[PDB]
Amino acid sequence: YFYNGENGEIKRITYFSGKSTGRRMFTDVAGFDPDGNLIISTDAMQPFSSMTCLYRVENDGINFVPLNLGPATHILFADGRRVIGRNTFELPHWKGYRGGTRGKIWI
Amino acid sequence: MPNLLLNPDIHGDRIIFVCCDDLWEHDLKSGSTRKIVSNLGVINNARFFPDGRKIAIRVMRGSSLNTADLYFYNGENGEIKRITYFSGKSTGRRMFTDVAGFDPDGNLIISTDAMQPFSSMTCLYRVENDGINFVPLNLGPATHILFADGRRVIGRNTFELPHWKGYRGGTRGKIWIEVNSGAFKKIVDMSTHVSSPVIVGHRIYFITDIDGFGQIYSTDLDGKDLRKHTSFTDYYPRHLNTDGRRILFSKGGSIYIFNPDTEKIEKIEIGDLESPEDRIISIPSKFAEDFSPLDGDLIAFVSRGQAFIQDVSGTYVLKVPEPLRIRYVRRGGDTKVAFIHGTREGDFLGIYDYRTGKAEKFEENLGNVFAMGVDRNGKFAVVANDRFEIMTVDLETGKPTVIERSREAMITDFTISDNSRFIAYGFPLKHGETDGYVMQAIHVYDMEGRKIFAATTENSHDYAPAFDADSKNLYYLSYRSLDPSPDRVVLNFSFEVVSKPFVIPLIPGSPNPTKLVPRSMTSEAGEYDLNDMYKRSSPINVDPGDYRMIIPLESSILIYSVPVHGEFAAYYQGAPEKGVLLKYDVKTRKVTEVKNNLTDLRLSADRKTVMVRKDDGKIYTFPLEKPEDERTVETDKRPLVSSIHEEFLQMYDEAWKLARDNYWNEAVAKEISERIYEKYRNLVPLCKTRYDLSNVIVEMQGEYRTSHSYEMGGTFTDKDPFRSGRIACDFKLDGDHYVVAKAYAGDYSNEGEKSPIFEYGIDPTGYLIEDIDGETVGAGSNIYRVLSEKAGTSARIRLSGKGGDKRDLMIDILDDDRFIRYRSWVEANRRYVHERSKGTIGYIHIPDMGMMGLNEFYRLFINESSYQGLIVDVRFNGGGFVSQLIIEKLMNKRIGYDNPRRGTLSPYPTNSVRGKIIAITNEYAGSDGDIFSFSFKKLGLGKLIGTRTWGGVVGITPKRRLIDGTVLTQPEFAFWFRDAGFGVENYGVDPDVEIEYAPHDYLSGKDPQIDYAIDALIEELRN
Ligand SMILES: N=C(N)NCCC[C@H](NC(=O)C(=O)[C@@H](CC1CCCCC1)NC(=O)OCc1ccccc1)C(=O)N[C@@H](CCC(=O)O)C(=O)N[C@@H](CC1CCCCC1)C(=O)O
């Protein structure tokens, strides 16, 4: 949903009904592109839940443009460069995790 | 766009108010606004405590905001807590169970009728321990309570009356004040209504429209030195509140401040606060109506102004492509359907084809349609409007053609012959202009020749016409088989089962088919002839009863019957009428039951499909041939989609249109309507919630400055109604245990008239309540909340009486105990009157002029009518329409007696009062209550004692709802009294002898009105 502190307006942007659990709260905000557009991360239109692919939100949810960057949890922009966070969500249920799904950052 | 702000309160620089049904706070200093409490339901009042820390809040729950209770908010820790579990009943104009004020110690004083017999009895109570105990102030009904110099100021009926601007009736706001350190004096009693009183310094500020518009006034603690402080013209100011320095209020959706010292008023700048999602989802069934069977086993229906074509399953659903307000939908072809589209200008006929998609929409205005049918051949349609016209609209061209016009009521009961040549319908008529009854005669219009024929005579009520497949006979029903049924309580008789079916052969010489006249012994083959057909009428050998529909078939007749029943639930609770589908075999002449538990029925075109509604509220469909195979119609599979603002604009325009089209005085309407439309329409867009819209609509209704402009029903919240656990007892917190202060009971042998505890053979009075359902209640556990949590079930209650009297019972925890309190009160007054009059005066009380009034009146009349004197108490009488029936009995003069060889005298008439009668009435008796009071005087049945009555006598009979189900009312029936005209409206009735009931009279515990009545009668009984 979008909240506008200017007029107190609230509005639903996605109707993907993304599936989520305690440790995989998927379908969330990924980051914002240089133009100030919201980039979300969801697996709603994917075969596997782990495939939380990146999309650019347009017209308050009218259309979604895929960034085709693969599964990602965070997306940041530095000097026109794309920073990508893979599986970079919190893992409170497993402190000291050192397995293969551990968070990693590409650039 | 901004919001609609309202009902504010102030405390220094902080200002709390309502927006989108939630509670907000604004800081005058910083200029910041924030929501401090939400999701509690609909909040309409918030009051700052003295320390400005806590806040008493009133919230409404239940779909139509029929329930209310109070909550405490603590801005210190953000704590929220429910204080009352009274589940006070409330309506739009009587939002009772609210904050009354604060005593000098800083304690909250509330006003509620929760533990009273009448809703108007909003008595004052001091809240203790967050709702653990409630101490009565015994000051009588009050809306506001203020304290000045140790003196008590009392506001009676001082709540806002937006729905009735310029009100000058007997229930108008008035202010009393204490003077003799215990006595009260009325100090503010203007000709018009006074509301929202407050005190700043040593002056009382309030609102009134004595000058034609709402303004803020003030006077001293003596109701003297009247001053006018404002000169508004845009909207009426409301909800005055203060902190001792400045006055706060709202108007036209904005919040203002008034500084008494400066006499300057300023608007607070708050700006946009909240704008929720506009596109909303609804449950089709909740607002569904006009369910109808189509071809190919399909279903059509209307809901929230939308229309749909679906399969019974509700799996394949099509929405008709048409803007808001589709009043009706009717089968018009294999894949075509006709509909009535409503707009601000009126109603229009439209056609749609759910196969091709085409959907033309005619322009010919039909007026306000209330009935619509289409011929079986799909060429024309028949329509009825509020102009009392019946017409045929060409389904091709669109041109309407009026057939006939009634001058009494609408022609909504009609049918078209299968060969599309005849149109039969009930035609309301009257022999005389000032006739008391409206007759109805069936008429038959012939498309060829274009002439109207009379199917029946005009001496009773003929209805439910129906043609047979071959179009050779016209069957119908009528209430002509007169036979009285005896009344089991009162000497009386009425026509209960006088409905019987009849038939008329369209070909002279042809006999009544149900008669089974051998074909070989008759010579039909004649030709159509509708002349003098009412002479060929013939009854069908079916026992009388109460039939609503007759369906002729090949070798049987289907008849919809309604068994005789009481009207109480239907008149108040609105419960639907239970019917059953009967079958009459023409051959065997035997009758059987095809289906029961019906509350509505519709038949398809081909007479093969049946669609009904049962008492469980669900819609069903079964083939007429095999009624054993019925299916349930589902419509909640696909959500209902709409836009709040578009619906709101739609709803406003209709409320406004109804108010104008139904106002009793046509002349005034044209001016009033056109003058208020724009002003209030500009506030609609500020409305984000249902309640918001309500605030705007009611204010525009008040513009008609008349009574009976109400708003009932509709969906304001998805919150469940507040619950309250009752066992007909009054609790008093004494020490650390709750004690039973009072145990209510009226007639022990009657039903539902006593605390459920009595069934165990003990009077709970004086007893201590240890625990309920194993849980301890007392200084720590709120008994009310506990009870509330058991409402509707039986719980174990440990009791303790004098000595070691220990009880352990499974008491029924009632959801409500008002009636019990009421009957207890009546029986109490009855005893009092008997005792004080030394057994020479009777007592009766009429709670209203509806079904309950009838019950209560005869309940006592049969035992109190034969005393030397009689007191007919009509205080708090909410009206209805049976006053005339009551006056009729009281009118009877005893002129003889019957002497039996063995037994006692029998008076003639039986329903005759034996001696002198005196009537008691107050400012809470209105409508038929006003009528009764005025009539009692005029006819000189006795003296009228009390206080001027309500003053609203313009009847209402709603016939249209809002897409959200709201039921608006419009004063459509102006009551004209001989030698007084409409004078009673906006004034009420003056009693021969006025007897106030001051706050000190309640403190003393004396009923000055009933006492005067007794004494007065005793004096008249000396002759
Ligand atoms: N059919 C029903 N199920 N309900 C209808 C009852 C409505 C009612 N009014 C009254 O008794 C009036 O006296 C009347 C009186 C007149 C005047 C002229 C012509 C005809 C009748 N009657 C009336 O409105 O109804 C019927 C009628 C209409 C057209 C033609 C013939 C009969 C009335 O509501 N009264 C106020 C009276 C207040 C007062 O006494 O000061 C009231 O607010 N009563 C309740 C709340 C309500 C509101 C609506 C319905 C039920 C209860 C209260 O808070 O005390």
# chains A, B, ... in the order shown; residues from 1 in each chain; ligands from 1
>>> interface_residues(of="chain A", to="chain B", cutoff="9 Å", atoms="only C-alpha atoms", output="PyMOL selection string")
chain A and resi 5-12
>>> write_last_selection(atoms="C-alpha atoms", output="CSV table (one decimal), in the first residue's frame")
chain,number,residue,atom,x,y,z
A,5,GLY,CA,1.3,12.2,4.3
A,6,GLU,CA,0.1,15.2,2.3
A,7,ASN,CA,-3.6,14.3,2.2
A,8,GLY,CA,-3.6,11.2,4.4
A,9,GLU,CA,-4.5,9.2,1.4
A,10,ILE,CA,-4.1,5.4,1.6
A,11,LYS,CA,-4.1,3.1,-1.4
A,12,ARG,CA,-3.4,-0.5,-2.3
>>> closest_atom_pairs(of="chain B", to="ligand 1", cutoff="9 Å", atoms="only C-alpha atoms and all ligand atoms", output="Markdown table")
| residue | atom | partner | partner_atom_place_in_ligand_line | distance |
| --- | --- | --- | --- | --- |
| B:90 | CA | ligand 1 | 54 (O) | 8.4 |
| B:91 | CA | ligand 1 | 46 (C) | 7.6 |
| B:93 | CA | ligand 1 | 54 (O) | 8.0 |
| B:94 | CA | ligand 1 | 54 (O) | 6.5 |
| B:118 | CA | ligand 1 | 55 (O) | 8.1 |
| B:119 | CA | ligand 1 | 54 (O) | 6.6 |
| B:120 | CA | ligand 1 | 55 (O) | 6.7 |
| B:170 | CA | ligand 1 | 41 (O) | 8.6 |
| B:171 | CA | ligand 1 | 41 (O) | 7.0 |
| B:570 | CA | ligand 1 | 3 (N) | 7.6 |
| B:571 | CA | ligand 1 | 3 (N) | 4.4 |
| B:572 | CA | ligand 1 | 3 (N) | 5.2 |
| B:573 | CA | ligand 1 | 3 (N) | 8.2 |
| B:574 | CA | ligand 1 | 3 (N) | 7.2 |
| B:708 | CA | ligand 1 | 24 (O) | 7.2 |
| B:710 | CA | ligand 1 | 49 (C) | 7.6 |
| B:711 | CA | ligand 1 | 49 (C) | 8.9 |
| B:712 | CA | ligand 1 | 49 (C) | 7.7 |
| B:848 | CA | ligand 1 | 11 (O) | 7.3 |
| B:849 | CA | ligand 1 | 11 (O) | 6.2 |
| B:850 | CA | ligand 1 | 6 (C) | 7.3 |
| B:875 | CA | ligand 1 | 40 (O) | 8.8 |
| B:876 | CA | ligand 1 | 40 (O) | 6.2 |
| B:877 | CA | ligand 1 | 40 (O) | 5.5 |
| B:878 | CA | ligand 1 | 40 (O) | 3.9 |
| B:879 | CA | ligand 1 | 11 (O) | 2.8 |
| B:880 | CA | ligand 1 | 11 (O) | 3.2 |
| B:881 | CA | ligand 1 | 22 (N) | 5.3 |
| B:882 | CA | ligand 1 | 11 (O) | 8.8 |
| B:883 | CA | ligand 1 | 13 (O) | 8.9 |
| B:923 | CA | ligand 1 | 41 (O) | 6.8 |
| B:924 | CA | ligand 1 | 41 (O) | 4.7 |
| B:925 | CA | ligand 1 | 40 (O) | 3.8 |
| B:926 | CA | ligand 1 | 40 (O) | 3.1 |
| B:927 | CA | ligand 1 | 13 (O) | 2.5 |
| B:928 | CA | ligand 1 | 13 (O) | 3.1 |
| B:929 | CA | ligand 1 | 13 (O) | 5.6 |
| B:930 | CA | ligand 1 | 13 (O) | 6.8 |
| B:931 | CA | ligand 1 | 13 (O) | 7.1 |
| B:932 | CA | ligand 1 | 13 (O) | 9.0 |
| B:949 | CA | ligand 1 | 41 (O) | 7.3 |
| B:950 | CA | ligand 1 | 41 (O) | 4.5 |
| B:951 | CA | ligand 1 | 41 (O) | 7.2 |
| B:952 | CA | ligand 1 | 41 (O) | 7.1 |
| B:953 | CA | ligand 1 | 17 (C) | 4.5 |
| B:954 | CA | ligand 1 | 17 (C) | 4.7 |
| B:955 | CA | ligand 1 | 18 (C) | 3.7 |
| B:956 | CA | ligand 1 | 28 (C) | 4.4 |
| B:957 | CA | ligand 1 | 28 (C) | 4.8 |
| B:958 | CA | ligand 1 | 28 (C) | 8.6 |
| B:971 | CA | ligand 1 | 24 (O) | 8.2 |
| B:972 | CA | ligand 1 | 29 (C) | 7.4 |
| B:973 | CA | ligand 1 | 19 (C) | 5.0 |
| B:974 | CA | ligand 1 | 18 (C) | 5.4 |
| B:975 | CA | ligand 1 | 18 (C) | 4.5 |
| B:976 | CA | ligand 1 | 18 (C) | 8.1 |
>>> residues_around(residues="residue A:24", least_positions_apart="6", cutoff="10 Å", atoms="only C-alpha atoms", output="PyMOL selection string")
chain A and resi 49-50+87+89-91
>>> write_last_selection(atoms="N, CA and C atoms", output="PDB file, in the first residue's frame")
ATOM      1  N   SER A  49       8.822 -19.770  -4.631  1.00  0.00           N
ATOM      2  CA  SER A  49       8.734 -18.650  -3.707  1.00  0.00           C
ATOM      3  C   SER A  49      10.079 -17.938  -3.559  1.00  0.00           C
ATOM      4  N   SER A  50      11.166 -18.707  -3.499  1.00  0.00           N
ATOM      5  CA  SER A  50      12.504 -18.118  -3.378  1.00  0.00           C
ATOM      6  C   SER A  50      12.868 -17.169  -4.533  1.00  0.00           C
ATOM      7  N   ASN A  87      18.995 -12.407  -0.665  1.00  0.00           N
ATOM      8  CA  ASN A  87      18.625 -13.074   0.582  1.00  0.00           C
ATOM      9  C   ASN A  87      19.118 -12.244   1.761  1.00  0.00           C
ATOM     10  N   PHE A  89      17.521 -10.457   3.973  1.00  0.00           N
ATOM     11  CA  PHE A  89      16.509 -10.126   4.976  1.00  0.00           C
ATOM     12  C   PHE A  89      17.010 -10.635   6.335  1.00  0.00           C
ATOM     13  N   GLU A  90      16.415 -10.191   7.427  1.00  0.00           N
ATOM     14  CA  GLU A  90      16.858 -10.662   8.724  1.00  0.00           C
ATOM     15  C   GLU A  90      16.543 -12.150   8.952  1.00  0.00           C
ATOM     16  N   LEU A  91      17.410 -12.824   9.706  1.00  0.00           N
ATOM     17  CA  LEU A  91      17.251 -14.226  10.051  1.00  0.00           C
ATOM     18  C   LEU A  91      17.291 -14.396  11.563  1.00  0.00           C
TER      19      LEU A  91
END
>>> residues_around(residues="residue B:10", least_positions_apart="3", cutoff="12 Å", atoms="only C-alpha atoms", output="PyMOL selection string")
chain B and resi 7+13-17+24-28+46-53+55+239-250+255-258
>>> residues_around(residues="residue B:547", least_positions_apart="6", cutoff="10 Å", atoms="only C-alpha atoms", output="ChimeraX atom specification")
/B:463-464,477-479,497-501,559-563,579-582
>>> residues_around(residues="residue A:20", least_positions_apart="2", cutoff="12 Å", atoms="only C-alpha atoms", output="MDAnalysis selection string")
chainID A and resid 16:18 22:28 42:44 49:50 52
>>> closest_residue(among="A:86, A:104, A:93, A:56", to="residue A:73", atoms="only C-alpha atoms")
A:86
>>> decode(residues="stretch 691-785 of chain B", atoms="C-alpha atoms", output="mmCIF file, in the first residue's frame")
data_model
loop_
_atom_site.group_PDB
_atom_site.id
_atom_site.type_symbol
_atom_site.label_atom_id
_atom_site.label_comp_id
_atom_site.auth_asym_id
_atom_site.auth_seq_id
_atom_site.Cartn_x
_atom_site.Cartn_y
_atom_site.Cartn_z
ATOM 1 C CA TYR B 691 -21.682 8.624 9.231
ATOM 2 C CA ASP B 692 -20.141 11.677 7.550
ATOM 3 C CA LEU B 693 -22.728 11.483 4.760
ATOM 4 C CA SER B 694 -25.392 11.099 7.405
ATOM 5 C CA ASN B 695 -24.334 14.372 9.077
ATOM 6 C CA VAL B 696 -24.763 16.185 5.800
ATOM 7 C CA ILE B 697 -28.054 14.529 4.816
ATOM 8 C CA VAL B 698 -29.752 15.039 8.164
ATOM 9 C CA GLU B 699 -28.789 18.744 8.210
ATOM 10 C CA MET B 700 -30.420 19.185 4.791
ATOM 11 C CA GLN B 701 -33.512 17.329 6.000
ATOM 12 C CA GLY B 702 -33.772 19.758 8.920
ATOM 13 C CA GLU B 703 -34.158 22.523 6.341
ATOM 14 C CA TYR B 704 -37.804 21.522 5.906
ATOM 15 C CA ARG B 705 -38.331 22.754 9.463
ATOM 16 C CA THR B 706 -40.802 19.939 10.066
ATOM 17 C CA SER B 707 -41.190 16.849 12.170
ATOM 18 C CA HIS B 708 -40.731 13.245 11.034
ATOM 19 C CA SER B 709 -37.639 13.709 8.811
ATOM 20 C CA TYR B 710 -35.753 10.648 9.987
ATOM 21 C CA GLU B 711 -32.918 8.433 8.775
ATOM 22 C CA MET B 712 -32.916 4.755 9.765
ATOM 23 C CA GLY B 713 -31.015 1.696 8.587
ATOM 24 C CA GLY B 714 -27.942 1.623 6.386
ATOM 25 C CA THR B 715 -24.441 0.341 7.087
ATOM 26 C CA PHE B 716 -22.235 2.625 9.172
ATOM 27 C CA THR B 717 -19.785 0.107 10.610
ATOM 28 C CA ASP B 718 -18.646 -3.482 10.387
ATOM 29 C CA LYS B 719 -18.438 -3.618 14.183
ATOM 30 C CA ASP B 720 -20.737 -5.981 16.058
ATOM 31 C CA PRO B 721 -23.318 -4.323 18.325
ATOM 32 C CA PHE B 722 -22.386 -3.796 21.974
ATOM 33 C CA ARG B 723 -23.801 -6.507 24.239
ATOM 34 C CA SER B 724 -25.223 -6.176 27.734
ATOM 35 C CA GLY B 725 -25.964 -8.885 30.294
ATOM 36 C CA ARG B 726 -29.233 -8.346 32.151
ATOM 37 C CA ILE B 727 -31.162 -10.215 34.849
ATOM 38 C CA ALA B 728 -33.642 -7.473 35.677
ATOM 39 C CA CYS B 729 -31.814 -6.259 38.775
ATOM 40 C CA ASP B 730 -30.176 -3.108 40.100
ATOM 41 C CA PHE B 731 -26.734 -3.484 41.605
ATOM 42 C CA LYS B 732 -25.187 -1.386 44.338
ATOM 43 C CA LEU B 733 -21.514 -1.733 45.236
ATOM 44 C CA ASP B 734 -21.476 -1.910 48.999
ATOM 45 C CA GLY B 735 -18.070 -2.498 50.509
ATOM 46 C CA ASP B 736 -16.401 -5.228 48.449
ATOM 47 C CA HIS B 737 -19.554 -7.019 47.375
ATOM 48 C CA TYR B 738 -22.309 -6.133 44.923
ATOM 49 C CA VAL B 739 -25.758 -6.209 46.475
ATOM 50 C CA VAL B 740 -29.116 -6.527 44.736
ATOM 51 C CA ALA B 741 -30.620 -3.094 45.291
ATOM 52 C CA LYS B 742 -33.793 -3.797 43.288
ATOM 53 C CA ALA B 743 -35.467 -6.832 41.671
ATOM 54 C CA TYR B 744 -37.917 -5.960 38.865
ATOM 55 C CA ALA B 745 -41.251 -7.709 38.324
ATOM 56 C CA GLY B 746 -44.630 -6.750 36.871
ATOM 57 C CA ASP B 747 -47.219 -9.496 36.486
ATOM 58 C CA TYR B 748 -45.467 -12.630 37.814
ATOM 59 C CA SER B 749 -47.811 -14.864 35.765
ATOM 60 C CA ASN B 750 -47.071 -13.105 32.511
ATOM 61 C CA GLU B 751 -44.134 -13.950 30.314
ATOM 62 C CA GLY B 752 -40.900 -11.982 30.326
ATOM 63 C CA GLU B 753 -41.963 -9.669 33.146
ATOM 64 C CA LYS B 754 -39.576 -10.436 36.004
ATOM 65 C CA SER B 755 -35.982 -11.115 36.910
ATOM 66 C CA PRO B 756 -35.170 -14.615 35.685
ATOM 67 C CA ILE B 757 -34.018 -15.338 39.239
ATOM 68 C CA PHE B 758 -37.650 -15.421 40.489
ATOM 69 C CA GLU B 759 -38.219 -18.753 38.673
ATOM 70 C CA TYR B 760 -36.224 -20.401 41.455
ATOM 71 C CA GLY B 761 -38.690 -19.288 44.082
ATOM 72 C CA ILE B 762 -36.832 -16.429 45.754
ATOM 73 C CA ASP B 763 -36.714 -12.650 45.550
ATOM 74 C CA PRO B 764 -33.026 -11.710 44.973
ATOM 75 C CA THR B 765 -33.592 -8.307 46.577
ATOM 76 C CA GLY B 766 -31.144 -7.577 49.353
ATOM 77 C CA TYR B 767 -29.033 -10.592 48.408
ATOM 78 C CA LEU B 768 -25.277 -10.389 47.817
ATOM 79 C CA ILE B 769 -23.739 -11.589 44.620
ATOM 80 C CA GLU B 770 -20.629 -13.609 45.382
ATOM 81 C CA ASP B 771 -19.538 -14.921 41.988
ATOM 82 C CA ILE B 772 -20.860 -15.589 38.485
ATOM 83 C CA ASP B 773 -19.725 -18.623 36.478
ATOM 84 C CA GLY B 774 -17.084 -19.341 39.110
ATOM 85 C CA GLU B 775 -15.609 -15.864 38.686
ATOM 86 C CA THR B 776 -15.793 -13.533 41.677
ATOM 87 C CA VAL B 777 -17.418 -10.117 41.210
ATOM 88 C CA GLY B 778 -17.181 -7.146 43.541
ATOM 89 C CA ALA B 779 -14.825 -4.294 44.462
ATOM 90 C CA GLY B 780 -12.431 -5.690 41.892
ATOM 91 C CA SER B 781 -14.479 -7.432 39.235
ATOM 92 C CA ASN B 782 -16.916 -5.340 37.176
ATOM 93 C CA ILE B 783 -20.207 -7.278 37.386
ATOM 94 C CA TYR B 784 -21.555 -5.539 34.276
ATOM 95 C CA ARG B 785 -18.692 -6.641 32.044
#
